[PDB]
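> With the authors' numbering as the guide, the letters of the sequence shown map in order to residues 4 to 125, 127 to 261.
For each residue, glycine too, the CB sits at the ideal point set by N, CA and C.
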Amino acid sequence: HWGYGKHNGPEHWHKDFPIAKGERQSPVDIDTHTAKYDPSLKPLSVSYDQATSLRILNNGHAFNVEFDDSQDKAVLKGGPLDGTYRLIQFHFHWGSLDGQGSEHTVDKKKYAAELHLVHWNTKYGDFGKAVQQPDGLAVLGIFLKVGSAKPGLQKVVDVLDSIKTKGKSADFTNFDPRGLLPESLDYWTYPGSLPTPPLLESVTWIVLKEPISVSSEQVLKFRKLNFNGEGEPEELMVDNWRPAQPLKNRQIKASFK
Ligand SMILES: [Zn+2]
Numbered sequence: 004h005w006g007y008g009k010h011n012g013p014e015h016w017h018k019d020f021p022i023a024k025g026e027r028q029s030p031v032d033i034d035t036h037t038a039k040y041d042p043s044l045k046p047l048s049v050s051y052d053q054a055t056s057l058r059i060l061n062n063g064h065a066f067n068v069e070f071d072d073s074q075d076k077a078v079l080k081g082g083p084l085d086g087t088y089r090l091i092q093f094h095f096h097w098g099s100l101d102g103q104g105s106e107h108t109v110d111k112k113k114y115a116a117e118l119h120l121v122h123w124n125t127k128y129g130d131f132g133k134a135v136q137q138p139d140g141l142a143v144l145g146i147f148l149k150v151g152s153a154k155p156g157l158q159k160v161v162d163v164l165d166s167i168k169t170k171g172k173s174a175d176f177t178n179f180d181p182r183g184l185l186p187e188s189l190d191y192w193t194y195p196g197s198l199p200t201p202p203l204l205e206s207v208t209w210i211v212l213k214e215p216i217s218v219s220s221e222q223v224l225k226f227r228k229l230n231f232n233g234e235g236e237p238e239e240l241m242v243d244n245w246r247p248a249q250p251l252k253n254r255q256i257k258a259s260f261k
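Here you go:
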């Protein structure tokens with residue numbers, strides 16, 4: 004179907020998903036010169052204390068770490084959000100080289116990777133229903149830069165070989181996503197979309213200003229996974245990012261002066 008490999012990549016998606024040329028597509032470039040501080044924007048509330056990780060799996064586009072979202076165990080509230088949003092999964096987008104990989108950019112600058120923690124609005129009952137609504141999803145985006153190793157990321161790295169190809173899954177319990185957050189929760193926010201098909205415009209983006217640091221060794225593990233399934237012609241999972249889309253009539257708001 005769709006992918007990131009030139010013949011089925013983002014430039015082709017619109018043929019199957021016309022919303023690709025929509026009015027609030029993601030990702031976008033964050034221009035700090037035009038991203039205005041909004042005093043009304045309140046502090047984020049991330050309550051990940053009792054997050055319950057279930058498993059990790061390679062879906063052919065990235066690897067997702069899935070959480071138990073039956074109760075309000077790992078939720079995002081506050082900021083620009085109206086209700087309570089439950090964490091369902093996180094995944095990354097990364098490049099073939101260190102100088103590329105993030106979806107969002109800051110003053111056109113790219114990071115080595117981008118982490119997306121995906122949450123859904125509890127009033128819709130489940131993720132399936134929420135993904136269809138304009139205020140259905142909230143995604144926390146966190147940039148990764150290469151430097152010192154991130155201790156909280158190592159548990160994830162130490163399991164990637166076991167889900168190398170598409171469709172592979174593995175139990176992955178007792179993972180604490182708090183170990184992936186930066187010190188500061190200062191953020192920019194704007195209304196956008198899923199950056200992969202079906203590209204629905206149901207996402208409130210919250211992109212953190214402060215990057216986290218990961219080692220060259222940890223990001224190398226990412227690049228060893230495969231897009232392809234077991235046996236098929238090997239395609240290394242790299243450059244699974246969508247290029248920046250037009251901002252059009254949206255404004256990006258900043259939570260900080
Ligand atoms: Zn993503």
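1. Below 8 Å on the Cβ atoms is my guess for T193 versus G233; work out the distance and round it to an integer in Å.
2. For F231, count the other beta carbons within 10 Å of its own beta carbon; 16 or more makes it buried, fewer makes it exposed. Which is it?
3. Can you find the residues in the same chain that come closer than 6 Å, C-beta to C-beta, to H96, ignoring five residues on each side of it along the sequence?
4. If I measure Cβ to Cβ from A258 and keep anything under 6 Å in the same chain, skipping five residues before and after, which residues do I get?
5. Taking all protein chains shown into account, do 16 or more other C-beta atoms lie within 10 angstroms of the C-beta of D72, making it buried, or fewer, making it exposed?
6. Helix, strand or coil for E221 per DSSP?
7. On the CB-based measure, 16 or more other CB atoms within 10 Å of its CB, does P30 come out buried or exposed?
8. State yes or no: is the C-beta of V161 within less than 8 Å of the C-beta of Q222?
9. In angstroms, rounded to a whole number, what distance separates the CA positions of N178 and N253?
10. Can you name the start and end residues of the alpha helix (DSSP H) that residue 287 belongs to?
11. Spatial neighbours of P202 within its chain, please: CB distance less than 7 Å, with the 5 preceding and 5 following residues excluded, ordered by chain position.
12. In the DSSP output, what is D32 paired with across the bridge?
13. Does the distance from the C-beta atom of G81 to that of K45 stay below 8 Å?
14. Would you check if the distance between the CB atom of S166 and the CB atom of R58 is smaller than 8 Å?
15. Taking 7 Å as the line, does the beta carbon of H107 fall inside it for any heavy atom of ligand 1?
16. Let's test the definition: count the other Cβ atoms within 10 Å of the Cβ of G145 and tell me whether it reaches 16, buried, or not, exposed.
17. With a threshold of 16 other CB atoms inside 10 Å of the CB of residue 317, please say whether the residue is buried or exposed.
18. Please tell me whether, using a cut-off of 7 Å, the distance from the CB of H119 to the nearest non-hydrogen atom of ligand 1 is below it.
19. Kindly indicate the opening and closing residues of the beta strand (DSSP E) around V150.
20. What is the residue span of the beta strand (DSSP E) that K80 lies within?
21. For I33 and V109, which I take to be in contact (beta-carbon distance under 8 Å), what is that distance rounded to the nearest angstrom?
The short version:
1. Reading the sequence shown from its first residue, position 189 is the one you call residue 193. Reading the sequence shown from its first residue, position 229 is the one you call residue 233. At roughly 37 Å, the Cβ-Cβ gap does not stay under 8 Å, so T193 and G233 are not in contact.
2. By one-based count along the sequence shown, residue 231 stands at place 227. It is buried - the Cβ of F231 has at least 16 other Cβ atoms within 10 Å.
3. Taking the first residue of the sequence shown as position 1, residue 96 is located at position 93. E106, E117, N244, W245.
4. In the sequence shown, residue 258 corresponds to position 254, counting from 1. Around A258: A38, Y40, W192.
5. For the purposes of this step, residue 72 is identified with residue 69 of the sequence shown, where counting begins at 1. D72 should be labelled buried.
6. To locate residue 221, count along the sequence shown from 1; it is residue 217. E221 falls in the helix class under three-state DSSP.
7. Residue mapping note: residue 30 aligns to position 27 of the sequence shown, counting from 1. Buried, because 16 or more other Cβ atoms sit within 10 Å of the Cβ of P30.
8. If you number the sequence shown from 1, residue 161 lands on position 157. If you number the sequence shown from 1, residue 222 lands on position 218. Yes, these two residues count as a Cβ contact at 8 Å.
9. Position 174 of the sequence shown, counted from the first residue, corresponds to residue 178. Position 249 of the sequence shown, counted from the first residue, corresponds to residue 253. Whole-angstrom Cα-Cα distance: 42 Å.
10. With the chain running from 4 to 261 in the structure shown, residue 287 is simply not present.
11. Numbered from its first residue, the sequence shown carries residue 202 at position 198. Excluding sequence neighbours, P202 sits near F20.
12. On the sequence shown, residue 32 is found 29 positions in, with the first residue counted as 1. Note: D32 sits in a beta bridge opposite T108.
13. Indexing the sequence shown from 1 puts residue 81 at position 78. Indexing the sequence shown from 1 puts residue 45 at position 42. Going by C-beta atoms, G81 is nearer than 8 Å to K45.
14. For the purposes of this step, residue 166 is taken as residue 162 along the sequence shown, with counting starting at 1. For the purposes of this step, residue 58 is taken as residue 55 along the sequence shown, with counting starting at 1. No, they are not a contact pair.
15. Here the question's residue 107 lines up with position 104 in the sequence shown. No; taking the cut-off as 7 Å, the Cβ of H107 has no heavy atom of ligand 1 nearer than that.
16. For the purposes of this step, residue 145 is identified with residue 141 of the sequence shown, where counting begins at 1. When all chains shown are included, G145 counts as buried.
17. Residue 317 cannot be examined here, being either before or after the span of the chain that is shown, 4 to 261.
18. In the sequence shown, residue 119 corresponds to position 116, counting from 1. Yes - ligand 1 has a heavy atom lying nearer than 7 Å to the Cβ of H119.
19. Numbered from 1 along the sequence shown, position 146 holds the residue referred to as residue 150. Looking at the DSSP string, the run of the beta strand (DSSP E) that includes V150 is 141-150.
20. The residue given as residue 80 occupies position 77 in the sequence shown. Start and end: 78-81.
21. Locating residue 33 in the sequence shown gives position 30, counting from the first residue. Locating residue 109 in the sequence shown gives position 106, counting from the first residue. The pair is a contact, with the Cβ atoms about 5 Å apart (cut-off 8 Å).
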